[PDB]
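Numbers here simply count residues along the sequence, with the first being 1. One-based numbering, in listed order, for ligands and for the atoms of each. Below, each value reflects all heavy atoms present in this structure, side chains not excepted, and no hydrogens, waters or symmetry copies.
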Amino acid sequence: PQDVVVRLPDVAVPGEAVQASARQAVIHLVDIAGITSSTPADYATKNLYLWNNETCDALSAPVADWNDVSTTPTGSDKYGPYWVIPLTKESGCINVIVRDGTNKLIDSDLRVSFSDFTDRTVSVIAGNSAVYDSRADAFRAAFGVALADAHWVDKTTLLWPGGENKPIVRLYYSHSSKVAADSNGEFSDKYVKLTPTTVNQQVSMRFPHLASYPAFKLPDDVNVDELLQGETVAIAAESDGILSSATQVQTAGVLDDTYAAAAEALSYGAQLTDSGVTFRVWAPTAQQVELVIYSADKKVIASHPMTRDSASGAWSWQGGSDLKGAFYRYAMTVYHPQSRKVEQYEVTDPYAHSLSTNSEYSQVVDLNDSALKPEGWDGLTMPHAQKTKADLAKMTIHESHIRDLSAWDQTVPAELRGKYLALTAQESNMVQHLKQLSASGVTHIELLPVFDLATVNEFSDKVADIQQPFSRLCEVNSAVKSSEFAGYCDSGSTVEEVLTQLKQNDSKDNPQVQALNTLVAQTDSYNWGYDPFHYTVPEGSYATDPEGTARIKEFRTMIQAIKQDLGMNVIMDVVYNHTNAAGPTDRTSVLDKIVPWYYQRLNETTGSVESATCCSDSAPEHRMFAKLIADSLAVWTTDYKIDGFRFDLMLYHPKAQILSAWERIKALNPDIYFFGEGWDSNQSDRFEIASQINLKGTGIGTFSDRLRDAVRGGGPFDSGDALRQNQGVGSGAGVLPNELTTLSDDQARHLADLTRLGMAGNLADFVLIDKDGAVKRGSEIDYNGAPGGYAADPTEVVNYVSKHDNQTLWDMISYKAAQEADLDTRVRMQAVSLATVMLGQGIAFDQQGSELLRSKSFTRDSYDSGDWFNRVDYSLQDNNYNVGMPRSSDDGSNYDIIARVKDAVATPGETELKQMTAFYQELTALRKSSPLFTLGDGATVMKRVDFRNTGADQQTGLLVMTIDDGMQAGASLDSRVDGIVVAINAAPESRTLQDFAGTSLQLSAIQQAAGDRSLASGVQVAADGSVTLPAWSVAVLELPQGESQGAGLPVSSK
Ligand SMILES: OC[C@H]1O[C@@H]2O[C@H]3[C@H](O)[C@@H](O)[C@@H](O[C@H]4[C@H](O)[C@@H](O)[C@@H](O[C@H]5[C@H](O)[C@@H](O)[C@@H](O[C@H]6[C@H](O)[C@@H](O)[C@@H](O[C@H]7[C@H](O)[C@@H](O)[C@@H](O[C@H]8[C@H](O)[C@@H](O)[C@@H](O[C@H]1[C@H](O)[C@H]2O)O[C@@H]8CO)O[C@@H]7CO)O[C@@H]6CO)O[C@@H]5CO)O[C@@H]4CO)O[C@@H]3CO
Ligand SMILES: [Ca+2]
Ligand SMILES: [Ca+2]
Ligand SMILES: [Ca+2]
Ligand SMILES: [Ca+2]
Ligand SMILES: [Ca+2]
C-alpha cells in the first residue's frame, strides 16, 4: 500500500540486431546486467572461442588457439554485443564458448544446431546455458517465471534460495490467471510480503534436504486456503523494484501442515453407508469438484457439485443406495503447476474399488456383497500360520505370474488361460503340479502385480496373443504390415507357429525370433505389470470379463482355490513407489491430476516429477499418500484376505512410513507379514529410508542379495565375458573353473562366507570363521564394501537364487558352468544352488519354475518379452531353453558370449525336469521336516547354528552347517533328534567328513526314502561315524534322540 512497485526493467523487449546471411551464423549476447543501465560495460574484452573437429564441423576457419582473444564482437547496441560467424555449409552445427577474455560466462561447451534454429541466428545470455531463437526469448526467459525452487513448507514458512539477501521478497497469487507483468510491465496481482527469518527445527525435521535454504516468513494471518486455490509465484527484487528472479512454488509442505490433520480423520472413495452412498475425494487445491454419474453404457446421468470441507480440503456428496453399481468420475477444476493452467478434466477415483474395462471409469461397489464373494469366502482360513518368528521362518515362496502359470497349458480350458480362474482347473497340469509342490512344503504363492496395471489394454479386441492367427497380429498392430514379417499376414499360421519356424535360422547375426516378438510385445496381453493405474482394484485383463465387478469375484475365487484346494498362503507384489504417469495430460495420470504436485516426488529446483524408480516417483513421505497406501493395504488385507505384501523398491519409502503402515495392518490382522526389495534409493537426504540396514530389528523383511550373488556368481550389472567368468558357489567357483574365469581360492572362499552367513540367516551379530580362519561377526563379512550380515532375526531376511527379474538360475548356470559339466551335473548344480536357500535359516523365496530348470533363452529382463520367453511348460517337454536370442536392446551386448556358451550340453527334457522336480520336493520337505531349520529368533540361531570346514585350509565348496537340539541350547525343539547336520558338497570331488566320528549320525529319513533319486544318493554313514559325500550332492543327517535329551552339537564360543 506503501510498497515499492515490483516491475520489469523499463526497456522494450529487444528485437534482433542482425540476421545471418548465407554461409553464416549469428550469436547474440544479451547483456541483461547491463540493460538495467549505468555502465555501458565495454564489450571489447568480450570474445568467442570457436572450434570444430568432432561432433560439430560447420565453422569455416575456427581460431583453435584457446588463448587467442581476437574473436571479438562484430557490433553492438544497447542490448549487448553480437557475432557474425562464417560457415562451410550452413546445414549442421557449431561449437562455441563465450568468454570475457580467457574467463568465461556460460558453464558449458554450448552448441548451436542448425536443425533447430534454421536461420542460424541464436541468442544466449551470461550464466544461462540455453540457446534461444531470438533475443526476445532470451530476454523473456531472463525476466520470466522459471523453475520451482520455492517451497511453501508450512503455513508461515517459505524456503527459497532466490530471495536470499534481497530487499523485496513476496509471494504473488492469481486465482484464475498466470501471474505475469502488466501492460505497464509491472506485477499487479495481489501478494503477501515475506520477512527474512531462520528456519525452525520442526521444519528442519520435516525437510532436512531443504534445511540449508534461506527461510522466509508470512504474516500470521495470511489466508492460506485462498492462495492454494490458484497459482502462487515467489518473486524477489532489488531496491528499485526491478525483478531479480521469480519461480513457481512447491506447496506439498503447506498442504500437509494445513489439511492433513483434518483429512486423515476421513474415509475416501465411494462408500456404501446405510444412508446410501457417500463419495469423498481429497482435493485441497481444487476450485470445483463435481461428481459425474454414468449409465451402464457410459452416458452422463447426473452431475453433482460436491461439498468442500474447509478444514480437510476434501470434497463429499451423499447419494442414494441405488448408486450401487454406477460408474463415476470426479470432474475437476484445478490449477496444475506443470501446465500453469486451471485444468478441467474427468478423473477416476484414486480410491476406486471397481472399474470399467481398461479403467476408464470407477464404479461404486460394496466389497462385502455376497454377490462378489465365492461360496464360503468368509470362512477362508490361513492354511499356514504366521504368528511367531518360527511360523514366519517356515515361509517358502513361489513367485508366480498369472500368464506364466496358464498361458501355455493346453490342459487349462482355453477361456481360462492367462486368467485368475486358471487356478480352479483342478485337473490341469499346472494346478496339480502346484498341489504337489504344496504337498512337499512350498507354502506361499507370491503374485506378480494383480492390482490394476496400466500396460495391458483390457479391450480384448485391441490385443493379439501368440496363440492366435498372425493375421490378427497384423489387424491390431499396424507396425507389422511395415516390417520384415509382413508376408505372414496371409500365411494362415499362428504367431506361435511363426515364432517356432523362426528358431531354425535364428542366431546372433540373425536375431529374428526376438525381432518378431518385439512387435508382438506391443499388443499382446503380457506384462509383469509394475505400472500402477489404480492401487486397489484387481487387474481387469486377468478376468474373463473386465467390465465391472466380475473381476472382483473371479479374483477371490482364485484366492480361495490357492488357500483351500492348493493349501498355500498368498502374497501380493505391490508398487506404491511410483505411478504410471503424472501431469494433466496422460490417460493413466490419476493422483497428479486431482492434487497436482502433492503425490509425486519433485526435484527441489525444477519441480519436475522424478523418475529414479523408472517412471513417476511417488512421494510416500507425504501424509495423505501414506494414508492412501495404508487404506489400500487394508482393503487387500480385509476384503481380499491377502496374507502378506512385497513392496517393490521399498527403499524409496521412509522407514517410519512402512512401520506406520504395518501397525495399521497389524491392528486389523496381527499376523500379516511385510517385506520388500531395495538397493539404490539415494533418498537418505530426505528421510530415513526403508533399507536393509535401517530395518534391522523392526520385523520388516528384505530380500538379501548376499547369498544370491554368492551362489549365482557375479552381480546384476555383469555383461559379456563377466557373465561367464563370475562363477558362483552353485556353478563351481574355484573348484570346477571354466576356461575364462580367474577366481582365486580366496575369492571362492569369500563367496562361501557369504553363503554360510546367509544360511544362518544373514544376521549382523552371528559369529563365524571366515576365509582366513579369523573370527568375524556377520556385520564384519564384506559385501561389496558393506556389512554382509544386517538382520536381527532370520525372519528379516529373504534368501533366493532366482527371481522374476534378471537371468533365471538355469541360465546363469549355463553362462558359467565349465564345458566338462554335463547336463546331469548342471541339474544338480541347480539343486545345490537352491539347497543353500531351502535348507537355510532365512525365509525361502524362489522363482516359479526353478523346479523345472526354467530358462528364458538368456533373457535378463523379460517384463515385456511375452508368452514366448517366459513360457513354463507344465507338460514337461523342455525348460524353454534355446528358443531364440534374447532381446537385442537389453541383451545384445551378450550375444557373443551366448552363442559361445549356449550349446555346451543338450536342452533339458522330461527326464531332467522330472529329476529336478524331485530334487526340489526333497529339499522343501527337508526344510519343514524339523523345527531346527526354522528357528525364527536370531538369538536362537546364534545359540544353536554353527559351521564346520571353516578357515583358510577348508575343503573348497563344502558347506557344513550344524543345528543343535542338545543341552547347550535349551529345550529339545525336536522330540526326534538332538541335532542336525546339513552338508552341501558343491564340488567335483567326493569328500569325507570326520567331524562326527563315532557319534551315531545318520542320513535323514526323507533322503533315504528317495533312493538313488535323492540328492544324497551314494552318501555312506560308516559305523565309526565318518560320512562320505559324493560330488555335487546335498545330505541332511540327524543325531537320534534317546529316552531323554542328549548332548547334540554344541556351538563353540569363538
Ligand atoms: O537399480 C540398480 C540395481 O540395483 C540392485 O543391484 C545392487 C546390488 O544388489 C548390490 O550388490 C550392489 O551392486 C554392486 C554389484 O553387485 C557389483 O557387481 C558392483 O557393480 C559394479 C560392476 O561390477 C561394474 O561393472 C560397474 O557397473 C557398470 C556396468 O558394468 C555397466 O554396464 C552399467 O550398468 C548398467 C547395466 O549393465 C545394466 O544391466 C543396467 O542395470 C540394471 C540392472 O541390471 C537391473 O537389474 C536393475 O539393477 C538393479 C538390480 O536388480 C539390483 O539387484 O536396474 C539396473 C538399471 O540401471 O543399467 C546399468 C546402468 O547403465 O554401469 C555400471 C556403472 O557402475 O560398476 C558397478 C558399480 O560399482 O558393485 C555394485 C555397487 O552398485 O548395489 C546395487 C545397487 O545398484
Ligand atoms: Ca533466430
Ligand atoms: Ca489394468
Ligand atoms: Ca506386452
Ligand atoms: Ca533426490
Ligand atoms: Ca531334541
### Task
Any chance you could lay out the side chain to side chain donor-acceptor pair (under 3.5 Å) test for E458 and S359, step after step, and finish with the verdict?
CA-CA 8 Å; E458 302 191 347; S359 315; 4.7 Å; no
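Note on residues 467-483: no pairs pass salt bridge (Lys or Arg N to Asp or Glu O under 4.0 Å), not counting sequence neighbours.
Rounded to 10°, the angle formed at the Ca ion (ligand 4) by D524 OD1 and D864 OD1 is 140°.
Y526 lies close to the Ca ion (ligand 4), since one of its N, O or S atoms is found at a distance under 3.0 Å. In summary, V456 places no N/O/S atom under 3.0 Å from the Ca ion (ligand 4), failing the contact criterion.
Each of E446, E677, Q847 was checked for a side-chain hydrogen bond (donor to acceptor under 3.5 Å, both in side chains) with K803, and the lone residue meeting it is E677.
Between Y530 and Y863, the ring center distance fails the sub-6.0 Å criterion.
Of all the atoms in ligand 1, the ones that sit under 4.0 Å from a non-hydrogen atom of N784 are 11 (O), 14 (C), 16 (O). Those atoms of ligand 1 with a heavy atom of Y783 less than 4.0 angstrom away are 9 (O), 10 (C), 11 (O). Close approach to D705 involves these atoms of ligand 1, each under 4.0 Å from a residue heavy atom: 8 (C), 9 (O), 10 (C), 11 (O).
At a cut-off of 3.0 Å, measuring from the Ca ion (ligand 6), the protein N, O or S atoms that fall short of it are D965 OD2, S972 OG, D974 O, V977 O, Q1041 NE2, waters left aside.
With a 4.0 Å heavy-atom cut-off, ligand 1 is reached by no atom of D890. With a 4.0 Å heavy-atom cut-off, ligand 1 is reached by no atom of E677.
Atom 28 (C) of ligand 1 has as its closest protein heavy atom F717 CB, 4.5 Å. For atom 43 (C) of ligand 1, the nearest non-hydrogen atom of the protein is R860 NH1, 3.9 Å.
The shortest N or O to N or O distance between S719 and ligand 1 is not under 3.5 Å.
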